[PDB]
Protein chains: 2
Amino acid sequence: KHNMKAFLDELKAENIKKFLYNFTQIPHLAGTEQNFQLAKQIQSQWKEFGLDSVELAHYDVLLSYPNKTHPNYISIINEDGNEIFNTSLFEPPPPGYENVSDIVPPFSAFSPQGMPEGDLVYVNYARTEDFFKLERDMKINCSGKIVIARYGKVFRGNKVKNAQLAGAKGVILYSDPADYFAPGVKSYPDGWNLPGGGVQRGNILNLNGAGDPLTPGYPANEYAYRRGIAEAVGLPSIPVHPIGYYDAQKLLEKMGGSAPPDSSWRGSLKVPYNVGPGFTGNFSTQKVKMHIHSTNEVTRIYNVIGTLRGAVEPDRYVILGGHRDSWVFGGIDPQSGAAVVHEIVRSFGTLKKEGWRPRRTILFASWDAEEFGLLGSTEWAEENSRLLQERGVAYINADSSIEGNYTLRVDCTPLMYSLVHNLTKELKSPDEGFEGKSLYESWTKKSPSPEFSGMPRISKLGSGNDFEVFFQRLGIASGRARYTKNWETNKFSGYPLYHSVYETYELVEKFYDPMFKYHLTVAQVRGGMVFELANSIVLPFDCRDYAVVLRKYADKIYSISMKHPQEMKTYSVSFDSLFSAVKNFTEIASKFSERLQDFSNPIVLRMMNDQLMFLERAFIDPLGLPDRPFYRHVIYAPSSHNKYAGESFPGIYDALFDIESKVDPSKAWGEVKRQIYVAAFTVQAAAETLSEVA
Amino acid sequence: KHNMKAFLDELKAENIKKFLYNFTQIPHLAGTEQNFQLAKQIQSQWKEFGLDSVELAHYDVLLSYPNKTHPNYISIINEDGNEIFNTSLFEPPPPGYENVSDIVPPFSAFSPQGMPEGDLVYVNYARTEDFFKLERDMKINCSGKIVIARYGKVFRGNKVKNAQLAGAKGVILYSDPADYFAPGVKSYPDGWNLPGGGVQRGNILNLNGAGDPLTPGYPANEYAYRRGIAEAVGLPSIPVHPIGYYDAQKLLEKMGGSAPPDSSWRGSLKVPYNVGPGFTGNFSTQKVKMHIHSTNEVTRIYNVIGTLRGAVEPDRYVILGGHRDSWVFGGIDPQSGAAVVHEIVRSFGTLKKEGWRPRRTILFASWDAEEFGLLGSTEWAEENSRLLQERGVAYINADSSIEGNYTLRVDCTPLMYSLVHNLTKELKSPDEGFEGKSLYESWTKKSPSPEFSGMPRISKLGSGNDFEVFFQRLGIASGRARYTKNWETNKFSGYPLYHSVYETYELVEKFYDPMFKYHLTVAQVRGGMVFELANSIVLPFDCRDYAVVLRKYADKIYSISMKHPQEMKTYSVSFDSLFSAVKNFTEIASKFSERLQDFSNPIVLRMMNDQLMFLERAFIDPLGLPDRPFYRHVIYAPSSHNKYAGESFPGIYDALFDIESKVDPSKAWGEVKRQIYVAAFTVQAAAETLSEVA
Ligand SMILES: *[C@@H]1O[C@H](CO)[C@@H](O[C@@H]2O[C@H](CO)[C@@H](O[C@@H]3O[C@H](CO)[C@@H](O)[C@H](O[C@H]4O[C@H](CO)[C@@H](O)[C@H](O)[C@@H]4O)[C@@H]3O)[C@H](O)[C@H]2NC(C)=O)[C@H](O)[C@H]1NC(C)=O
Ligand SMILES: *[C@@H]1O[C@H](CO)[C@@H](O[C@@H]2O[C@H](CO)[C@@H](O[C@@H]3O[C@H](CO)[C@@H](O)[C@H](O[C@H]4O[C@H](CO)[C@@H](O)[C@H](O)[C@@H]4O)[C@@H]3O)[C@H](O)[C@H]2NC(C)=O)[C@H](O)[C@H]1NC(C)=O
Ligand SMILES: O=C(O)CC[C@H](NC(=O)N[C@@H](CCCC(=O)Nc1ccc(F)nc1)C(=O)O)C(=O)O
Ligand SMILES: O=C(O)CC[C@H](NC(=O)N[C@@H](CCCC(=O)Nc1ccc(F)nc1)C(=O)O)C(=O)O
Ligand SMILES: *[C@@H]1O[C@H](CO)[C@@H](O[C@@H]2O[C@H](CO)[C@@H](O)[C@H](O)[C@H]2NC(C)=O)[C@H](O)[C@H]1NC(C)=O
Ligand SMILES: *[C@@H]1O[C@H](CO)[C@@H](O[C@@H]2O[C@H](CO)[C@@H](O)[C@H](O)[C@H]2NC(C)=O)[C@H](O)[C@H]1NC(C)=O
Ligand SMILES: *[C@@H]1O[C@H](CO)[C@@H](O[C@@H]2O[C@H](CO)[C@@H](O)[C@H](O)[C@H]2NC(C)=O)[C@H](O)[C@H]1NC(C)=O
Ligand SMILES: *[C@@H]1O[C@H](CO)[C@@H](O[C@@H]2O[C@H](CO)[C@@H](O)[C@H](O)[C@H]2NC(C)=O)[C@H](O)[C@H]1NC(C)=O
Ligand SMILES: *[C@@H]1O[C@H](CO)[C@@H](O)[C@H](O)[C@H]1NC(C)=O
Ligand SMILES: *[C@@H]1O[C@H](CO)[C@@H](O)[C@H](O)[C@H]1NC(C)=O
Ligand SMILES: *[C@@H]1O[C@H](CO)[C@@H](O)[C@H](O)[C@H]1NC(C)=O
Ligand SMILES: *[C@@H]1O[C@H](CO)[C@@H](O)[C@H](O)[C@H]1NC(C)=O
Ligand SMILES: *[C@@H]1O[C@H](CO)[C@@H](O)[C@H](O)[C@H]1NC(C)=O
Ligand SMILES: *[C@@H]1O[C@H](CO)[C@@H](O)[C@H](O)[C@H]1NC(C)=O
Ligand SMILES: *[C@@H]1O[C@H](CO)[C@@H](O)[C@H](O)[C@H]1NC(C)=O
Ligand SMILES: *[C@@H]1O[C@H](CO)[C@@H](O)[C@H](O)[C@H]1NC(C)=O
Ligand SMILES: [Ca+2]
Ligand SMILES: [Ca+2]
Ligand SMILES: [Cl-]
Ligand SMILES: [Cl-]
Ligand SMILES: [Cl-]
Ligand SMILES: [Cl-]
Ligand SMILES: [Zn+2]
Ligand SMILES: [Zn+2]
Ligand SMILES: [Zn+2]
Ligand SMILES: [Zn+2]
């Protein structure tokens, strides 16, 4: 039989291991020759594996690179302008790789050039509320200061935007051991911790879904018209640079001015964590100077696009996509995910060669330049937008397969909750102590739902990965899954060696997954979800699950508003229309489910499968959210304060945020009411797509 | 047999006549009780005629009305402030109607209130090029003047916008006999001409597709959030009022200052047509004073929505829509069209009762408040946007069935050209001298195509009617058809009695169509087009016709650019990408047509019917055109200078218009190139929706 079980059994741990080793011996930075060569290897192998067609799709996009002969660094300088302390020019390379060339040194992609000099202010994680504490309560003015902030909690791009709007003239980012050094474990290469010389790379853009900074709305093809740099989307206006904790201790240990406001501002180094501004009396005439000479450059990138044509609905598309570009070797991010995708293509190709074909079309993607702002996925989607919105069933992401070895993590649309519950009950737990049990049972036990006893936690989608264009711009049902840690020690960050030269094959094979059994389980989850979406006669979405979370999100946003009872009275602020819409959605979804259970007729089928496919699409507003025209989904957007986190009823949440500080309350409460109207209307209009059609 | 011929034969001239008489005995102004009563009569009769369901859909929208106890008028005033001349307060009512109440007096809907006094400037038709002549060549400054302009050539809304941007402080509109009095024919009631006391009503908004001024993007339902008047879309900022030619002769005959620049500025009255400013020496101290006291008011409106459910594809919608609201009796506009729709519902209902059903769903609409800015259609479409864009096959408009008795007029998407050719070859000509010939033969003979010998003229869609939201916002294939005049005498205007109290049942029965045979022919064209769209197994669109007009539009816009050869060299302006895209569209459409001819398989069918339905949809850009976000179609928008006329490649046309006057040529030619890119990309993306799907 050619069924899901044949698909699942053909997947092997040992194949994933081999592919990961093959993908991680040299660096594969976006825009470099070595990343083009790997694209040409993936294309050739997906053809040999059996896919019907495999194409490169190339774009010319804005990327960012250090100057090889004029290196980036930071200094303490004295009254004479002598540089008495210099940060490192490179991470000490790991054992056996000390001769690999073309390792890009640590830098903040898209930093402007500059050499600003000034006094230091310490701003904790540089979150919105850190800057509120500094300015409103401690009365400390960051204007014309250089700010130093610790990585963690929120996306680094939001930190840079916050610092810019507080008047900073530069930003220094560092990895504190409190957030990237787990108690009791050793530093690479003898453990999975971050050493004092290790540094986190990453881009610092605020794109809000735009894609290539020069071509918002349209693909960066051969004849494209480009904005000038001055009108580019999302570039920072002050220089920025990342450092490790040995270097950071040298910048922090002389800090003066005010004491830290409380123990949530203190990391683990042996320094007071004074906020500043500037250094204590003996050193008060010394200063910090940045030297940044990175350049922005239009550079060609290459996506790989494989097609397995459907036997019955070739015009319905189920997409499995993840990126291939890495900061250096990409041992976890992204090659642990790309090796899993490779094995998934190989198993579907095995079945194809014995004569099987899925019911719907499957598209397989190896995205480029994800690390520089989700550019390869966003440009391809802009090119193919009309095809994706009338034919796109679902999108399953496939970046890192592990960030821990404790239990499963799923983030997805409510439409996939029931699918994920049923598949995981059918899979074996790889966990010690759960031999012979289901993945559902071990996951449910280690990560209980906050709401329903006997069910596992499934989170909302945020952003900071390649599903953003599919879900929050086009409104295609999306999900992601990987193995994760128990969020007990460093509960405010990813893994210690994230975006560092120490992220290697050896990191994974020695410390995360020596038997490759967590990788195999994640391949069965991603692959199994794609198999069902592409082969089930009725699409495996349950509209009633959307009805339940919409009631939760409405209770939550009403609760935030009800902290302001006097203003809700004065400006006649009512949530009645939103609760009415959610009630109608609940009742219409219930009746739709009954009909879906009673019906030999392929039109009624294809009509009802189209109602399921177009339900995620119904939550899209073609006018977008305020000042973020590429965030079009009215239920879910990335938090305005943290691109990694999801926010529910984002238009209303943002109208209410910090509303007590607004100068014209009548105007601000007017905009709350406008956002209530838009949300109620949109929920009611989505419910009506599930009514009988005529 | 239940086929198109049974449908067509059940239609009767005598039924249309009866319905027109029934719809035109009292006034049916939007927002009034009498228009609600007629909606309740239409709903009840469409039910009795057999439709499966018939509903009212109501909205609360901004309308505009004169003050009953404080009438609008204009004066000449002397140095003392004595009013020595007053314009009429009402049109002399026609024979037999001199006791009908509730006839709204002539007014410009949505005029602000005011009593400005000043000197007159005469501005011909108030077109863009009239104001260019005045300011650039004659050096006449309209700032702080009252302008008087003759109706004709362009939509009155564009005249008001042009006058406002030239600094006018009020606008007077009049009907000149040169444009509304046909040589050799008598004045109502002894002929179809406009008398000296007759006046054209109409709105003067610049909505650019928004719908209700207070609720752009969203339906004006019970809980809607409304903008304040100051942020409303499209309201004029200076007072405006319409007058007849007896009153106009009194305002024009004393005009002084410069002579008219040439004979295209002179109408037919016995006056010099001096441009001004102000009156000649004896009267040079007299002035013109307006008195305007109309008020804007949120008022309830009612659409009627009838449904005939499809037997095989109930989730595919073919819409027949026209408005019901009138300025006074609506003898031509709109009831000659609404009576035709009534008879069409009755014939489809006859077939339904003998047990027939169309293959696809048919939706029948009686729109409200079209006369106040296409408000009823636009609000319903905003409410139902998600349903219309995934399920909408086509939209057939149905306002006035006649504006003459000479030959047929069709304006439609290229996708319907072949459909219209084949149907008209099957219908009988009602024209004298063509007895026993086809409608195709008589139409082709009286209105030859400018391009192809042996074919009739079919025009592009413009705007100023209820198809605007369906076609230029949502991208649903649209068309319209009616009987028209030979454009020999008044070739720059509709019919003489347009929007006047003289537009009566008697106007039609005595002078336009005494046997109702032109009405019956227009019912067979509209009805026949709806029958085919709803019942043909393969949708009756030919993608190759789009390929041919796209080459025409590209040649045309290139020709406009090539008037500036030196700038095209200096800024590297190339149309190569657009011509490339059009070539690809031609070749892909040709191969698609072959496949559509070779294929027992309903999926391949439904896949190919969806490619045909979504092809018009592919021309939509979700970012809209510059500053006109509700004009989203990249091939067709309403002219920026005249809402009635269509423009092709509108983004490029507007970037090029008057470009030699722009101060920064580099920036202006940069925007031309951006628009070339958007058009090329969009044409290529539309072609690719017709490629094989996988
Ligand atoms: C959820 O689903 C229900 C459908 O079961 C839907 O109920 C609708 O509520 C609206 C109110 O928004 C009702 O609208 C009324 O329609 C009648 C005519 O049938 C009108 O007469 C009413 O207007 C008068 O009353 C108003 C209320 O005080 C006055 O302020 C106004 O000036 C008028 O005098 C009113 O427009 C509608 O009838 C029901 N539909 C039903 C019961 O079928 C509800 O709206 C849905 N929720 C959302 C968010 O859409
Ligand atoms: C109409 O249809 C045709 C398809 O039949 C389509 O042709 C495509 O044209 C583009 C040019 O826009 C070609 O793109 C090239 O791709 C190759 C790789 O296959 C690249 O090496 C090329 O880049 C180099 O050359 C450029 C040109 O001078 C340099 O400026 C550049 O820096 C690079 O060195 C280039 O990107 C593409 O191959 C064809 N596709 C084919 C033939 O299949 C055409 O684009 C369509 N028209 C529109 C408007 O879409
Ligand atoms: O430009 C972008 O949108 C993201 C590019 C890139 N994307 C990623 O690296 N994404 C990783 C992020 C993993 C690390 C992480 O989850 N950190 C984290 C920290 C705090 C918090 F609240 N949430 C997540 C992923 O999705 O697996 C980046 O974040 O620099
Ligand atoms: O608000 C709007 O968009 C239009 C509302 C209303 N619509 C109409 O009356 N439409 C008529 C217009 C018929 C008269 C006409 O065609 N005049 C005309 C004059 C000059 C020119 F170039 N084109 C058309 C129709 O489409 O049958 C109006 O124009 O005031
Ligand atoms: C990763 O695997 C690929 C595929 O096996 C290797 O590329 C092949 O190398 C052999 C020997 O040089 C050649 O015969 C083929 O032409 C290559 N095939 C391709 C590119 O598809 C590649 O060398 C391996 N890389 C590492 C680092 O082990
Ligand atoms: C997940 O599994 C459950 C339990 O088998 C499925 O729900 C059943 O579906 C069948 C067939 O439609 C019904 O007749 C049963 O009554 C359902 N049981 C229920 C709702 O408790 C559910 O549909 C599956 N979800 C998917 C495939 O998305
Ligand atoms: C137009 O036709 C309608 C329908 O025949 C007339 O309305 C009907 O009038 C009769 C007699 O008063 C009543 O019995 C019905 O209740 C009405 N039906 C409706 C409203 O559906 C209407 O009076 C005619 N109008 C004119 C001006 O002749
Ligand atoms: C309009 O009528 C023409 C002529 O009958 C149709 O074109 C023919 O269609 C048949 C059936 O598909 C083909 O086998 C013929 O070869 C076609 N003749 C041609 C193209 O000259 C045309 O399809 C009709 N248009 C419609 C229905 O939209
Ligand atoms: C890199 O740095 C040197 C200065 O030491 C400079 O001359 C060269 O132009 C730079 N390269 C760039 C900006 O790409
Ligand atoms: C830091 O680097 C600069 C430039 O290369 C140099 O002048 C200075 O001596 C260095 N300082 C130290 C302490 O190494
Ligand atoms: C912060 O500093 C600058 C002056 O250098 C000033 O423009 C800004 O208003 C200051 N804000 C304060 C002191 O709150
Ligand atoms: C792997 O699992 C063990 C068992 O709890 C744990 O102690 C170890 O820290 C895990 N490795 C990583 C990298 O989390
Ligand atoms: C109509 O006009 C009179 C003035 O003569 C005024 O009192 C009344 O308020 C007006 N009605 C309005 C503005 O609706
Ligand atoms: C015009 O109307 C005003 C106000 O009703 C009046 O004072 C004046 O006498 C009128 N003029 C003429 C010539 O009728
Ligand atoms: C038109 O008149 C006003 C002065 O009353 C002035 O502001 C404007 O610039 C003038 N334009 C001319 C004279 O060209
Ligand atoms: C009706 O047709 C006749 C025949 O040419 C024409 O002379 C007459 O003017 C027409 N009526 C109208 C209203 O155009
Ligand atoms: Ca782009
Ligand atoms: Ca609206
Ligand atoms: Cl992922
Ligand atoms: Cl992190
Ligand atoms: Cl019409
Ligand atoms: Cl007109
Ligand atoms: Zn990644
Ligand atoms: Zn990453
Ligand atoms: Zn009309
Ligand atoms: Zn009209």
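Up top you'll find the structure we're talking about.
What counts, and at which threshold
Residues numbered from 1 in each chain as written, not as in the entry; some residues may be left out. Chains lettered and ligands numbered in written order. Heavy atoms only, no water. Donors = N, O, S within 2.8 Å, 3.2 Å for Na, K, Ca; no water. Tetrahedral: all angles 85-135°; square planar, octahedral: opposite > 155°, others 65-115°. Helix = DSSP H or I, 4+ residues; strand = E, 2+ residues; numbered from the N terminus. Near = heavy atom within 4 Å. Polar contact = N/O pair within 3.5 Å; in protein donor to acceptor, adjacent residues only side chain to side chain. Contact = heavy atoms within 4.5 Å. Buried area = accessible area lost by both parts, 1.4 Å probe. Salt bridge = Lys/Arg side-chain N within 4 Å of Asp/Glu carboxyl O. Nonpolar A, V, L, I, M, F, W, Y, C, P; charged D, E, K, R; others polar. Areas by Shrake-Rupley, 256 points an atom, 1.4 Å probe, with all protein chains shown as cover.

1. Notes on the coordination of the calcium ion (ligand 18)
Residues and elements named next belong to chain B.
No. 1: For the calcium ion (ligand 18), every protein donor is listed as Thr215 (O), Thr215 (OG1), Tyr218 (O), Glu379 (OE), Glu379 (OE) and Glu382 (OE), and the spread of their distances is 2.4 to 2.5 Å.
No. 2: The coordination sphere of the calcium ion (ligand 18) comprises 6 donor atoms, whose angles at the metal cover 54 to 173°; the geometry is irregular.
No. 3: In the primary sequence, the donor residues of the calcium ion (ligand 18) line up as T-x2-Y-x160-E-x2-E. With a gap of 161 residues between them, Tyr218 in the loop between β9 (202-203) and β10 (240-243) and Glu379 in helix α9 (residues 375-383) connect regions that are remote in the sequence.

2. Notes on the site of ligand 6
Residues and elements named next belong to chain A.
No. 1: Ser418, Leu419, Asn422, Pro540 and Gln597 make up every residue found near ligand 6.
No. 2: Residue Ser418 places a side-chain N or O atom 2.9 Å away from a nitrogen atom belonging to ligand 6.
No. 3: At 2.3 Å, a side-chain N or O of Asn422 approaches an oxygen atom of ligand 6.
No. 4: In terms of residues, the shell around ligand 6 owes the most to one element, helix α11 (residues 417-424), which gives 3 residues.

3. What about the interface of chain B and chain A?
No. 1: In this assembly, 52 residues from chain B lie in contact with 52 residues from chain A.
No. 2: Interface area lost by chain B to chain A is led by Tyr218, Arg386 and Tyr677 of chain B, which between them contribute 20%.
No. 3: Remark: the boundary between chain B and chain A carries 2 salt bridges.
No. 4: Linking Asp610 of chain B and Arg606 of chain A is a salt bridge whose minimum nitrogen-to-oxygen distance equals 3.7 Å.
No. 5: Summed over the shared surface of chain B and chain A, the result is 16 residue pairs in polar contact.
No. 6: Elements supplying a minimum of two residues to the side of chain B that touches chain A: β13 (313-323), α9, α10 (385-391), α19 (602-618) and α21 (665-688) of chain B.
No. 7: Element by element, the count of residues in the side of chain B that touches chain A is highest for α21 of chain B, at 10 residues.
No. 8: Split into classes, the residues belonging to the side of chain B that touches chain A amount to 25 nonpolar, 11 polar and 16 charged.

4. Overview of the site of ligand 13
All names here are of chain B.
No. 1: Taken together, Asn67, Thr69, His70 and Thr295 make up the full set of residues near ligand 13.
No. 2: In this structure, an oxygen atom belonging to ligand 13 sits 2.3 Å away from a side-chain N or O atom of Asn67.
No. 3: About the coverage of ligand 13: the protein hides 36% of its 370 Å² of free accessible area.
No. 4: Class assignment for the residues of the shell around ligand 13 results in no nonpolar, 4 polar and no charged.

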